[PDB]
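In what follows, a structure is listed as structure tokens, so that the remarks can point back to it.
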2 protein chains.
Amino acid sequence: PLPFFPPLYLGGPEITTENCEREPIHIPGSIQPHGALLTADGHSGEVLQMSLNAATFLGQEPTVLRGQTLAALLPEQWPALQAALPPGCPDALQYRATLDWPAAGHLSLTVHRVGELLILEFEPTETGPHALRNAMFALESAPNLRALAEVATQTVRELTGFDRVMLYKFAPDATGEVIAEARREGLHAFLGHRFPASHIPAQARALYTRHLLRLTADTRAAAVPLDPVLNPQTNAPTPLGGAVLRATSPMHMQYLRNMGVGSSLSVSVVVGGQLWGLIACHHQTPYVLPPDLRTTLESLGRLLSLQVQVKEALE
Amino acid sequence: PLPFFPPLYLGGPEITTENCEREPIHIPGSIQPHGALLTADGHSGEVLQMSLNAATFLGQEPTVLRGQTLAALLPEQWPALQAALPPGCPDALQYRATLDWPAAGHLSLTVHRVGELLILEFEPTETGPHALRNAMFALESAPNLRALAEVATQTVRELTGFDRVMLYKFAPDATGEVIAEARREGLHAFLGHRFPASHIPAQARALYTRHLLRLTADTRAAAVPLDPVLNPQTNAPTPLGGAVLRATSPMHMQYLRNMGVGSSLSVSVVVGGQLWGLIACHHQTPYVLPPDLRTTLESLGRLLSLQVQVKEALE
Ligand SMILES: C=CC1=C(C)/C(=C/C2=[NH+]C(=C\c3[nH]c(/C=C4\NC(=O)[C@@H](C)\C4=C/C)c(C)c3CCC(=O)O)/C(CCC(=O)O)=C2C)NC1=O
Ligand SMILES: C=CC1=C(C)/C(=C/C2=[NH+]C(=C\c3[nH]c(/C=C4\NC(=O)[C@@H](C)\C4=C/C)c(C)c3CCC(=O)O)/C(CCC(=O)O)=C2C)NC1=O
């Protein structure tokens, strides 16, 4: 696509349907409000940026967290984290831990590394893996690509309870077609419907080849800024493509609301390094899919990508 | 292979190195002693056979369990179980549940269906899924088949803590070669070693194309008979290939002991319906890998099988 615009917080232009492939969706400087996010120096563990809602989840004010080390804040996790995510590791690699907190359930921690920055996501939480193991039989025995697609969408709907699960296949002109769909009874079918390339613009497609799962938990929820908004290491925006908490493009959020969607999630299907399609999910109401279920969906995405390649080779 | 012999309990001949492809390894009429096994009628749920150690795990004598229904014994699981495993479903499909019991941890239940028979395995129990999600990056980026194999064996060793993990590839003459190995420091290497076809005889290879994971938790542990040994539905032996608790061939157990192996496990690598190889694991001491970790290994096996097919196609 044409080069990204600056984000709105650096004085960038408003997004319209004439320029929307230039929206810098990877650097919104904000997150979805169902979790908290910190960034930290990869070597010292010093906390550099904090979502403004951090006190809700972490029990300290953003301004007080700023500058504290992960050695101090997360003493039991820091050495494991530092060892798990060495300089130069893939930016999609994750360190995951479970933390205790005063509320019901636990606090899930997911960390990844971009350059010299660690990006930490904290998300409250509280059969899928075995369900996936079982589904692999029907995915394997599917005789062809479309049969595979039909199995896959039904499997994902069974795993998640999403109201609608589609397999959305890209054509070479970047238009799409819904080639399989599993949906709650009552819902109008999108099966067989085709859509222009504009709905998933080129910078989104590029991001989705690198970071294979993204979501909008609540399509009416206001984003929460990061502070400071720029990474002090670089005095430049923080890449958030690897964080599921990344704020969704407002353009896409409006699209989803217009479609009657309360929660959205997709998983990339990538074949030979190319974006083949998406497992695209909708719910009618807000829905935060727990981290362990997302992990199952990522694993299914990888499986499905390989099966697509093998079943297409049958032709 | 030549037709199977009758098992020893039906007066079959002793197994030697001259006839060992005829050992009926799928119908040993016995199980490994770290769990219990029941069989039940698929329609009524009546318990038909019981491992002789059942009281250790279930708290009722085999003779008292015999004839009771799963509706009575497992009231909370029976309808789910019956719905999960309908007549004609794949014999590899599993129903899994967690049961409470008086000892520490829980009792894992795994059920599968062969014909009109349900086969129930009960096994005491007490990060892998996410570890597998992470490993998928390195498996995908592996440039070729051997690199993939090296990643896979290291991944499995990381997931399991097994002393030795090999990728054992079958040649068209059914000889094998260790093409990758991850092993604890101190252990002599089998990397690159080749082995005659006799070590994994043709009936074993056939079974391993249908039931993709098997193990011996303790290579010195005596098997526990099923009683009655024949399925009353058929007045014939009960197929146990789908049960991880199935007793291992005594010939193989002796091989493992001679090799200094205390616990063994393998996962089939199946490509286009053909047995390509095994992920073959050893431990120096007895080791019962928990059901959820086995599930992760099954999922890795499926992934790896697909990656083998894709990486081989690069040639
Ligand atoms: C049944 C039909 C159907 C379709 C066609 C569909 C499309 C779709 N769009 C997606 C994403 C984005 N779209 C746009 C931009 C625009 N979209 C427009 O229509 C115009 C107005 C526009 C700009 C002028 C942007 C910037 C993003 C990136 C969002 C981000 O990651 O921050 C996603 C993936 C995310 C997800 O799964 O929820 C999907 C699956 N989902 C459906 O169910
Ligand atoms: C480093 C080298 C190396 C090798 C070569 C190796 C082989 C191997 N044999 C396997 C299984 C069986 N073998 C035999 C029979 C015989 N085997 C023999 O040698 C002669 C004496 C013989 C009969 C005369 C039978 C009936 C079975 C089925 C067991 C069952 O499923 O009940 C397995 C899979 C099971 C597992 O992972 O533990 C493996 C991986 N495992 C290694 O580590």
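Residue numbers start at 1 in each chain; chains themselves are named A, B, ... in the order of the structure tokens; ligands are numbered from 1 in the order shown.
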
Expected selection as a PyMOL selection string for ligand 2 within 7 Å, only C-alpha atoms and all ligand atoms | chain B and resi 16-21+23+25+190+195+198-201+204+214-216+247-249+251-252+255+264-266+278+280-282

Write the residues you've just listed into a file as a PDB file, in the first residue's frame, and include N, CA and C atoms for each of them.
ATOM      1  N   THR B  16       8.663 -66.072  19.101  1.00  0.00           N
ATOM      2  CA  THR B  16      10.102 -66.105  18.938  1.00  0.00           C
ATOM      3  C   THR B  16      10.481 -65.082  17.883  1.00  0.00           C
ATOM      4  N   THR B  17      11.779 -64.925  17.631  1.00  0.00           N
ATOM      5  CA  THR B  17      12.197 -63.997  16.570  1.00  0.00           C
ATOM      6  C   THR B  17      11.866 -64.552  15.161  1.00  0.00           C
ATOM      7  N   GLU B  18      11.465 -65.812  15.060  1.00  0.00           N
ATOM      8  CA  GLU B  18      11.068 -66.390  13.775  1.00  0.00           C
ATOM      9  C   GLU B  18       9.598 -66.151  13.422  1.00  0.00           C
ATOM     10  N   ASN B  19       8.772 -65.763  14.391  1.00  0.00           N
ATOM     11  CA  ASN B  19       7.335 -65.634  14.116  1.00  0.00           C
ATOM     12  C   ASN B  19       6.699 -64.386  14.696  1.00  0.00           C
ATOM     13  N   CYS B  20       7.512 -63.436  15.089  1.00  0.00           N
ATOM     14  CA  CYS B  20       6.995 -62.366  15.905  1.00  0.00           C
ATOM     15  C   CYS B  20       6.068 -61.383  15.160  1.00  0.00           C
ATOM     16  N   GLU B  21       6.054 -61.381  13.823  1.00  0.00           N
ATOM     17  CA  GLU B  21       5.053 -60.568  13.129  1.00  0.00           C
ATOM     18  C   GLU B  21       3.630 -61.130  13.268  1.00  0.00           C
ATOM     19  N   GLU B  23       2.392 -62.137  16.343  1.00  0.00           N
ATOM     20  CA  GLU B  23       1.884 -61.890  17.687  1.00  0.00           C
ATOM     21  C   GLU B  23       0.653 -60.973  17.602  1.00  0.00           C
ATOM     22  N   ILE B  25      -0.823 -58.459  18.955  1.00  0.00           N
ATOM     23  CA  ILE B  25      -0.536 -57.438  19.944  1.00  0.00           C
ATOM     24  C   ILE B  25      -1.749 -56.566  20.302  1.00  0.00           C
ATOM     25  N   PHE B 190      22.121 -42.224  19.271  1.00  0.00           N
ATOM     26  CA  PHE B 190      21.619 -43.136  18.225  1.00  0.00           C
ATOM     27  C   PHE B 190      21.468 -42.410  16.885  1.00  0.00           C
ATOM     28  N   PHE B 195      18.498 -49.538  11.556  1.00  0.00           N
ATOM     29  CA  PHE B 195      17.993 -50.717  12.243  1.00  0.00           C
ATOM     30  C   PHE B 195      17.199 -51.574  11.280  1.00  0.00           C
ATOM     31  N   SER B 198      12.901 -55.875  11.351  1.00  0.00           N
ATOM     32  CA  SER B 198      12.417 -56.811  12.359  1.00  0.00           C
ATOM     33  C   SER B 198      12.071 -56.162  13.693  1.00  0.00           C
ATOM     34  N   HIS B 199      12.702 -55.043  14.010  1.00  0.00           N
ATOM     35  CA  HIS B 199      12.451 -54.399  15.300  1.00  0.00           C
ATOM     36  C   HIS B 199      11.049 -53.813  15.456  1.00  0.00           C
ATOM     37  N   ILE B 200      10.394 -53.500  14.336  1.00  0.00           N
ATOM     38  CA  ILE B 200       9.015 -52.987  14.380  1.00  0.00           C
ATOM     39  C   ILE B 200       8.268 -53.795  13.329  1.00  0.00           C
ATOM     40  N   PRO B 201       7.711 -54.942  13.747  1.00  0.00           N
ATOM     41  CA  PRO B 201       7.194 -55.886  12.755  1.00  0.00           C
ATOM     42  C   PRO B 201       5.915 -55.383  12.065  1.00  0.00           C
ATOM     43  N   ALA B 204       2.659 -54.479  13.910  1.00  0.00           N
ATOM     44  CA  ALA B 204       2.836 -53.276  14.694  1.00  0.00           C
ATOM     45  C   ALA B 204       2.734 -52.045  13.794  1.00  0.00           C
ATOM     46  N   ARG B 214       1.215 -44.900  21.338  1.00  0.00           N
ATOM     47  CA  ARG B 214       1.258 -46.013  22.279  1.00  0.00           C
ATOM     48  C   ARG B 214       2.480 -45.874  23.180  1.00  0.00           C
ATOM     49  N   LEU B 215       2.473 -46.589  24.296  1.00  0.00           N
ATOM     50  CA  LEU B 215       3.485 -46.374  25.299  1.00  0.00           C
ATOM     51  C   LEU B 215       3.615 -47.602  26.190  1.00  0.00           C
ATOM     52  N   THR B 216       4.747 -47.648  26.894  1.00  0.00           N
ATOM     53  CA  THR B 216       4.958 -48.573  27.995  1.00  0.00           C
ATOM     54  C   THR B 216       5.451 -47.736  29.151  1.00  0.00           C
ATOM     55  N   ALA B 247      -1.756 -53.635  27.194  1.00  0.00           N
ATOM     56  CA  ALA B 247      -0.479 -54.253  27.510  1.00  0.00           C
ATOM     57  C   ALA B 247       0.417 -54.285  26.284  1.00  0.00           C
ATOM     58  N   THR B 248       1.678 -53.963  26.479  1.00  0.00           N
ATOM     59  CA  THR B 248       2.677 -53.993  25.421  1.00  0.00           C
ATOM     60  C   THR B 248       3.133 -55.417  25.154  1.00  0.00           C
ATOM     61  N   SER B 249       3.451 -55.728  23.913  1.00  0.00           N
ATOM     62  CA  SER B 249       4.058 -56.995  23.574  1.00  0.00           C
ATOM     63  C   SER B 249       5.191 -57.313  24.554  1.00  0.00           C
ATOM     64  N   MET B 251       7.649 -59.256  23.977  1.00  0.00           N
ATOM     65  CA  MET B 251       8.864 -59.213  23.170  1.00  0.00           C
ATOM     66  C   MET B 251       9.464 -57.825  23.140  1.00  0.00           C
ATOM     67  N   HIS B 252       8.620 -56.835  22.901  1.00  0.00           N
ATOM     68  CA  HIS B 252       9.080 -55.457  22.899  1.00  0.00           C
ATOM     69  C   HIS B 252       9.509 -54.996  24.294  1.00  0.00           C
ATOM     70  N   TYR B 255      12.973 -56.205  24.755  1.00  0.00           N
ATOM     71  CA  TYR B 255      13.859 -55.355  23.963  1.00  0.00           C
ATOM     72  C   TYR B 255      14.170 -54.051  24.710  1.00  0.00           C
ATOM     73  N   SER B 264       8.748 -46.049  27.604  1.00  0.00           N
ATOM     74  CA  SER B 264       8.820 -45.781  26.165  1.00  0.00           C
ATOM     75  C   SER B 264       7.499 -45.207  25.679  1.00  0.00           C
ATOM     76  N   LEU B 265       7.559 -44.376  24.649  1.00  0.00           N
ATOM     77  CA  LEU B 265       6.346 -43.806  24.048  1.00  0.00           C
ATOM     78  C   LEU B 265       6.666 -43.458  22.612  1.00  0.00           C
ATOM     79  N   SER B 266       5.760 -43.745  21.685  1.00  0.00           N
ATOM     80  CA  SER B 266       5.933 -43.223  20.345  1.00  0.00           C
ATOM     81  C   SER B 266       4.629 -42.703  19.785  1.00  0.00           C
ATOM     82  N   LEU B 278       8.233 -42.612  13.158  1.00  0.00           N
ATOM     83  CA  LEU B 278       7.783 -42.472  14.540  1.00  0.00           C
ATOM     84  C   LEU B 278       8.588 -41.410  15.251  1.00  0.00           C
ATOM     85  N   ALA B 280       9.946 -41.391  18.581  1.00  0.00           N
ATOM     86  CA  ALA B 280      10.205 -42.506  19.498  1.00  0.00           C
ATOM     87  C   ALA B 280      10.946 -41.959  20.710  1.00  0.00           C
ATOM     88  N   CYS B 281      10.360 -42.168  21.890  1.00  0.00           N
ATOM     89  CA  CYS B 281      10.841 -41.579  23.121  1.00  0.00           C
ATOM     90  C   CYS B 281      11.212 -42.670  24.121  1.00  0.00           C
ATOM     91  N   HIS B 282      12.292 -42.426  24.867  1.00  0.00           N
ATOM     92  CA  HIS B 282      12.709 -43.267  25.965  1.00  0.00           C
ATOM     93  C   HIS B 282      12.930 -42.465  27.229  1.00  0.00           C
TER      94      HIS B 282
END

Within stretch 17-215 of chain B, find each residue whose DSSP state, derived from the backbone, is strand (DSSP E), and express the selection as number ranges by chain.
-> B: 30-31, 36-41, 47-51, 95-99, 106-114, 117-125, 164-170, 176-183, 194-195, 213-215

Suppose you want the space between atom CA of residue B:277 and atom CA of residue B:144; what is it in Å?
-> 16.3 Å

Residue list for chain B near chain A as a PDB file with N, CA, C and O atoms, in the first residue's frame, 8 Å, only C-alpha atoms:
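The result, stored in result_3.pdb:
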ATOM      1  N   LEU B  93     -11.652 -41.769  17.930  1.00  0.00           N
ATOM      2  CA  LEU B  93     -12.313 -40.649  18.596  1.00  0.00           C
ATOM      3  C   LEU B  93     -12.428 -40.927  20.090  1.00  0.00           C
ATOM      4  O   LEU B  93     -12.721 -42.056  20.496  1.00  0.00           O
ATOM      5  N   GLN B  94     -12.209 -39.909  20.908  1.00  0.00           N
ATOM      6  CA  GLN B  94     -12.202 -40.082  22.351  1.00  0.00           C
ATOM      7  C   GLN B  94     -13.198 -39.174  23.037  1.00  0.00           C
ATOM      8  O   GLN B  94     -13.371 -38.014  22.671  1.00  0.00           O
ATOM      9  N   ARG B  96     -13.371 -37.616  26.744  1.00  0.00           N
ATOM     10  CA  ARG B  96     -12.570 -37.434  27.927  1.00  0.00           C
ATOM     11  C   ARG B  96     -13.297 -36.655  28.998  1.00  0.00           C
ATOM     12  O   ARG B  96     -13.941 -35.650  28.703  1.00  0.00           O
ATOM     13  N   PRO B 129       0.269 -26.983  25.849  1.00  0.00           N
ATOM     14  CA  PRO B 129      -0.364 -26.445  24.659  1.00  0.00           C
ATOM     15  C   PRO B 129       0.249 -25.132  24.171  1.00  0.00           C
ATOM     16  O   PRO B 129       0.409 -24.942  22.967  1.00  0.00           O
ATOM     17  N   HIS B 130       0.592 -24.236  25.093  1.00  0.00           N
ATOM     18  CA  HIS B 130       1.171 -22.957  24.694  1.00  0.00           C
ATOM     19  C   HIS B 130       2.589 -23.171  24.189  1.00  0.00           C
ATOM     20  O   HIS B 130       2.992 -22.544  23.231  1.00  0.00           O
ATOM     21  N   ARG B 133       2.202 -24.223  20.702  1.00  0.00           N
ATOM     22  CA  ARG B 133       1.882 -23.055  19.882  1.00  0.00           C
ATOM     23  C   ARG B 133       3.181 -22.316  19.533  1.00  0.00           C
ATOM     24  O   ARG B 133       3.388 -21.892  18.395  1.00  0.00           O
ATOM     25  N   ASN B 134       4.072 -22.140  20.511  1.00  0.00           N
ATOM     26  CA  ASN B 134       5.347 -21.446  20.249  1.00  0.00           C
ATOM     27  C   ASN B 134       6.258 -22.200  19.304  1.00  0.00           C
ATOM     28  O   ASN B 134       6.914 -21.615  18.454  1.00  0.00           O
ATOM     29  N   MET B 136       5.530 -24.075  16.937  1.00  0.00           N
ATOM     30  CA  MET B 136       5.049 -24.096  15.560  1.00  0.00           C
ATOM     31  C   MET B 136       5.788 -23.070  14.694  1.00  0.00           C
ATOM     32  O   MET B 136       5.916 -23.265  13.492  1.00  0.00           O
ATOM     33  N   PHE B 137       6.291 -21.999  15.293  1.00  0.00           N
ATOM     34  CA  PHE B 137       7.070 -21.017  14.534  1.00  0.00           C
ATOM     35  C   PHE B 137       8.363 -21.632  13.995  1.00  0.00           C
ATOM     36  O   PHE B 137       8.660 -21.494  12.807  1.00  0.00           O
ATOM     37  N   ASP B 292      -3.199 -35.202  29.476  1.00  0.00           N
ATOM     38  CA  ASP B 292      -3.209 -33.924  28.754  1.00  0.00           C
ATOM     39  C   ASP B 292      -1.896 -33.680  27.980  1.00  0.00           C
ATOM     40  O   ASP B 292      -1.901 -33.096  26.889  1.00  0.00           O
ATOM     41  N   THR B 295      -2.098 -35.749  24.850  1.00  0.00           N
ATOM     42  CA  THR B 295      -2.924 -35.053  23.877  1.00  0.00           C
ATOM     43  C   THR B 295      -2.088 -34.038  23.123  1.00  0.00           C
ATOM     44  O   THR B 295      -2.214 -33.912  21.909  1.00  0.00           O
ATOM     45  N   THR B 296      -1.241 -33.310  23.838  1.00  0.00           N
ATOM     46  CA  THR B 296      -0.340 -32.372  23.186  1.00  0.00           C
ATOM     47  C   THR B 296       0.579 -33.081  22.213  1.00  0.00           C
ATOM     48  O   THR B 296       0.778 -32.597  21.091  1.00  0.00           O
ATOM     49  N   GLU B 298      -0.018 -35.923  20.643  1.00  0.00           N
ATOM     50  CA  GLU B 298      -0.827 -36.321  19.487  1.00  0.00           C
ATOM     51  C   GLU B 298      -0.993 -35.173  18.504  1.00  0.00           C
ATOM     52  O   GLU B 298      -0.912 -35.340  17.290  1.00  0.00           O
ATOM     53  N   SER B 299      -1.277 -33.994  19.041  1.00  0.00           N
ATOM     54  CA  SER B 299      -1.451 -32.809  18.221  1.00  0.00           C
ATOM     55  C   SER B 299      -0.150 -32.468  17.490  1.00  0.00           C
ATOM     56  O   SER B 299      -0.163 -32.144  16.305  1.00  0.00           O
ATOM     57  N   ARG B 302       0.306 -34.800  14.570  1.00  0.00           N
ATOM     58  CA  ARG B 302      -0.502 -34.413  13.408  1.00  0.00           C
ATOM     59  C   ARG B 302       0.132 -33.266  12.646  1.00  0.00           C
ATOM     60  O   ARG B 302       0.204 -33.277  11.402  1.00  0.00           O
ATOM     61  N   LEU B 303       0.572 -32.257  13.398  1.00  0.00           N
ATOM     62  CA  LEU B 303       1.275 -31.101  12.837  1.00  0.00           C
ATOM     63  C   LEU B 303       2.512 -31.546  12.090  1.00  0.00           C
ATOM     64  O   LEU B 303       2.711 -31.201  10.920  1.00  0.00           O
ATOM     65  N   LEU B 306       1.956 -33.284   8.760  1.00  0.00           N
ATOM     66  CA  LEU B 306       1.653 -32.344   7.700  1.00  0.00           C
ATOM     67  C   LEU B 306       2.889 -31.567   7.257  1.00  0.00           C
ATOM     68  O   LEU B 306       3.096 -31.379   6.045  1.00  0.00           O
ATOM     69  N   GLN B 307       3.718 -31.140   8.213  1.00  0.00           N
ATOM     70  CA  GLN B 307       4.949 -30.432   7.862  1.00  0.00           C
ATOM     71  C   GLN B 307       5.907 -31.329   7.091  1.00  0.00           C
ATOM     72  O   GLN B 307       6.585 -30.840   6.216  1.00  0.00           O
ATOM     73  N   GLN B 309       5.073 -33.703   5.042  1.00  0.00           N
ATOM     74  CA  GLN B 309       4.555 -33.730   3.692  1.00  0.00           C
ATOM     75  C   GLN B 309       4.898 -32.436   2.917  1.00  0.00           C
ATOM     76  O   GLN B 309       5.344 -32.481   1.764  1.00  0.00           O
ATOM     77  N   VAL B 310       4.722 -31.284   3.555  1.00  0.00           N
ATOM     78  CA  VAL B 310       5.012 -29.993   2.911  1.00  0.00           C
ATOM     79  C   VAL B 310       6.520 -29.787   2.664  1.00  0.00           C
ATOM     80  O   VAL B 310       6.922 -29.364   1.579  1.00  0.00           O
TER      81      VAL B 310
END

Find the residues around residue B:275 up to 9 Å (only C-alpha atoms counted), leave out those fewer than 4 positions away in its own chain, and share them as a VMD selection string.
-> chain B and resid 170 205 to 206 208 to 209 268 to 271

Given only C-alpha atoms as the counted atoms, nearest of B:126, B:212, B:143, B:86 to residue B:241 =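 Once distances to residue B:241 are computed over only C-alpha atoms, the minimum belongs to B:212.
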
Please indicate the distance in Å from atom CA of residue A:111 to atom CA of residue A:253, rounded to one decimal place.
-> 25.3 Å

Quick one: residues within 9 Å of residue A:105, only C-alpha atoms counted, chain neighbours fewer than 2 positions away excluded, as an MDAnalysis selection string?
-> chainID A and resid 100:103 107 124:126
